[PDB]
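Presented below is the structure to which this report refers.
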Protein chains: 2
Amino acid sequence: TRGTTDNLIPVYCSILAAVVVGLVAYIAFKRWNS
Amino acid sequence: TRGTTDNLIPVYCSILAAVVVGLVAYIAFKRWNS
Ligand SMILES: O=C(/C=C/c1cccnc1)c1ccccc1O
């Protein structure tokens with residue numbers, strides 16, 4: 001189970017770029033409107 | 001896919017991972033102290 005848990009490095013940079021960008025606007029608006 | 005403008009997919013992940021990681025601490029602290 002080394003090629004299916006810690007080989008997601010190329011896939012992470014894709015999903016993490018989409019999630020982190022959506023988080024920057026969401027988390028900020030949540031902490032600004034809290 | 002010119003190969004000299006839209007081939008920088010892996011190189012972006014390098015600088016983007018280093019910038020976005022350093023930003024996760026800064027943006028969070030700025031939005032938390034706001
Ligand atoms: O092989 C890599 C994968 C990057 C990537 C970037 C975006 C979407 N899918 C994959 C890679 C990641 C970080 C730095 C250099 C790399 O070659």
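Chains: A, B, ... in order of the structure tokens. Residues: from 1 per chain. Ligands: from 1, in order shown.
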Item to complete: May I ask you to extract the residues of chain A within 8 Å of chain B, using only C-alpha atoms, and to give them as an NGL selection string?
Response: :A and (13 or 24 or 28 or 31-32)
Could you give me chain B least-squares fitted onto chain A (all C-alpha atoms, paired in order), as a compact mmCIF listing (two decimals) with N, CA, C and O atoms, in the first residue's frame?
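Below you can see result-v6.txt, which holds the result:
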# COMPACT_ATOMS: atom_id res chain seq x y z
N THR B 1 5.13 3.35 1.16
CA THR B 1 5.16 3.54 -0.31
C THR B 1 4.59 2.31 -1.04
O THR B 1 5.30 1.64 -1.80
N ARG B 2 3.31 1.99 -0.82
CA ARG B 2 2.61 0.89 -1.52
C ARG B 2 2.45 1.17 -3.02
O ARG B 2 2.42 0.24 -3.83
N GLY B 3 2.33 2.45 -3.39
CA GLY B 3 2.17 2.89 -4.79
C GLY B 3 0.71 3.02 -5.25
O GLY B 3 0.46 3.40 -6.40
N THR B 4 -0.26 2.75 -4.37
CA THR B 4 -1.72 2.78 -4.64
C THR B 4 -2.53 3.48 -3.53
O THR B 4 -3.77 3.52 -3.56
N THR B 5 -1.84 4.07 -2.54
CA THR B 5 -2.43 4.74 -1.36
C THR B 5 -1.67 6.01 -0.99
O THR B 5 -2.25 7.06 -0.73
N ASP B 6 -0.33 5.93 -1.04
CA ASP B 6 0.63 6.97 -0.68
C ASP B 6 1.47 7.42 -1.90
O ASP B 6 2.56 7.97 -1.76
N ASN B 7 0.93 7.21 -3.11
CA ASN B 7 1.47 7.75 -4.36
C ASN B 7 0.65 8.92 -4.90
O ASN B 7 1.08 9.58 -5.84
N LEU B 8 -0.52 9.21 -4.31
CA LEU B 8 -1.43 10.30 -4.71
C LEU B 8 -0.93 11.71 -4.29
O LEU B 8 -1.72 12.64 -4.15
N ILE B 9 0.38 11.90 -4.12
CA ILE B 9 1.00 13.19 -3.79
C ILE B 9 0.70 14.30 -4.84
O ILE B 9 0.26 15.38 -4.45
N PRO B 10 0.87 14.07 -6.17
CA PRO B 10 0.62 15.10 -7.18
C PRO B 10 -0.88 15.37 -7.41
O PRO B 10 -1.31 16.53 -7.44
N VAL B 11 -1.69 14.32 -7.52
CA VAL B 11 -3.16 14.40 -7.64
C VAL B 11 -3.79 15.14 -6.45
O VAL B 11 -4.67 15.97 -6.68
N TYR B 12 -3.31 14.92 -5.22
CA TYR B 12 -3.77 15.71 -4.07
C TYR B 12 -3.54 17.19 -4.32
O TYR B 12 -4.50 17.95 -4.22
N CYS B 13 -2.34 17.61 -4.72
CA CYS B 13 -2.07 19.02 -5.01
C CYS B 13 -3.06 19.65 -6.02
O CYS B 13 -3.40 20.82 -5.86
N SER B 14 -3.58 18.90 -7.00
CA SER B 14 -4.59 19.40 -7.94
C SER B 14 -5.92 19.76 -7.25
O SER B 14 -6.32 20.93 -7.23
N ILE B 15 -6.59 18.78 -6.64
CA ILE B 15 -7.87 18.98 -5.93
C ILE B 15 -7.70 19.88 -4.71
O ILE B 15 -8.54 20.74 -4.45
N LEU B 16 -6.59 19.73 -3.98
CA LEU B 16 -6.25 20.52 -2.80
C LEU B 16 -6.03 21.99 -3.19
O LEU B 16 -6.64 22.84 -2.57
N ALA B 17 -5.27 22.29 -4.25
CA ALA B 17 -5.14 23.67 -4.73
C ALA B 17 -6.49 24.29 -5.13
O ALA B 17 -6.77 25.42 -4.76
N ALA B 18 -7.38 23.55 -5.81
CA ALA B 18 -8.70 24.06 -6.19
C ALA B 18 -9.65 24.25 -4.98
O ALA B 18 -10.35 25.27 -4.89
N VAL B 19 -9.65 23.31 -4.03
CA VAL B 19 -10.46 23.37 -2.80
C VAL B 19 -9.94 24.44 -1.84
O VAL B 19 -10.70 25.33 -1.47
N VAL B 20 -8.64 24.42 -1.50
CA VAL B 20 -7.99 25.38 -0.59
C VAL B 20 -8.09 26.82 -1.09
O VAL B 20 -8.40 27.71 -0.30
N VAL B 21 -7.92 27.08 -2.39
CA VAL B 21 -8.12 28.42 -2.99
C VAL B 21 -9.56 28.90 -2.83
O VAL B 21 -9.78 30.02 -2.37
N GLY B 22 -10.56 28.06 -3.15
CA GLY B 22 -11.97 28.42 -2.95
C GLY B 22 -12.33 28.62 -1.48
O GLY B 22 -13.12 29.50 -1.13
N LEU B 23 -11.69 27.85 -0.59
CA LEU B 23 -11.85 27.96 0.86
C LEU B 23 -11.23 29.25 1.42
O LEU B 23 -11.80 29.81 2.36
N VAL B 24 -10.12 29.75 0.87
CA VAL B 24 -9.44 30.97 1.36
C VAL B 24 -10.37 32.18 1.35
O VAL B 24 -10.33 33.01 2.26
N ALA B 25 -11.27 32.27 0.36
CA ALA B 25 -12.28 33.31 0.26
C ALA B 25 -13.47 33.05 1.20
O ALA B 25 -13.93 33.97 1.87
N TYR B 26 -13.93 31.80 1.31
CA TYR B 26 -15.08 31.43 2.15
C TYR B 26 -14.77 31.52 3.66
O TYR B 26 -15.45 32.24 4.38
N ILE B 27 -13.73 30.81 4.13
CA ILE B 27 -13.29 30.79 5.53
C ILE B 27 -12.96 32.21 6.00
O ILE B 27 -13.45 32.62 7.05
N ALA B 28 -12.21 32.98 5.21
CA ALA B 28 -11.93 34.38 5.53
C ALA B 28 -13.23 35.18 5.68
O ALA B 28 -13.45 35.78 6.73
N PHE B 29 -14.16 35.12 4.72
CA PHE B 29 -15.41 35.88 4.82
C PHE B 29 -16.27 35.45 6.02
O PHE B 29 -16.80 36.30 6.74
N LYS B 30 -16.35 34.14 6.32
CA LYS B 30 -17.03 33.59 7.51
C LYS B 30 -16.41 34.05 8.83
O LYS B 30 -17.13 34.48 9.72
N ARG B 31 -15.08 34.03 8.94
CA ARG B 31 -14.35 34.54 10.13
C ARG B 31 -14.37 36.07 10.24
O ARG B 31 -14.27 36.59 11.35
N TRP B 32 -14.52 36.79 9.13
CA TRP B 32 -14.62 38.26 9.10
C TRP B 32 -16.01 38.75 9.52
O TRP B 32 -16.11 39.71 10.28
N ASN B 33 -17.08 38.10 9.04
CA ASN B 33 -18.46 38.46 9.40
C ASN B 33 -18.88 37.98 10.81
O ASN B 33 -19.81 38.56 11.38
N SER B 34 -18.20 36.96 11.36
CA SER B 34 -18.37 36.49 12.75
C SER B 34 -18.17 37.61 13.78
O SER B 34 -19.09 37.85 14.60
Discussion item. When DSSP is applied to the backbone of this structure, which of chain B are assigned helix (DSSP H, G or I)? Write them out as a VMD selection string.
Written reply: chain B and resid 9 to 33
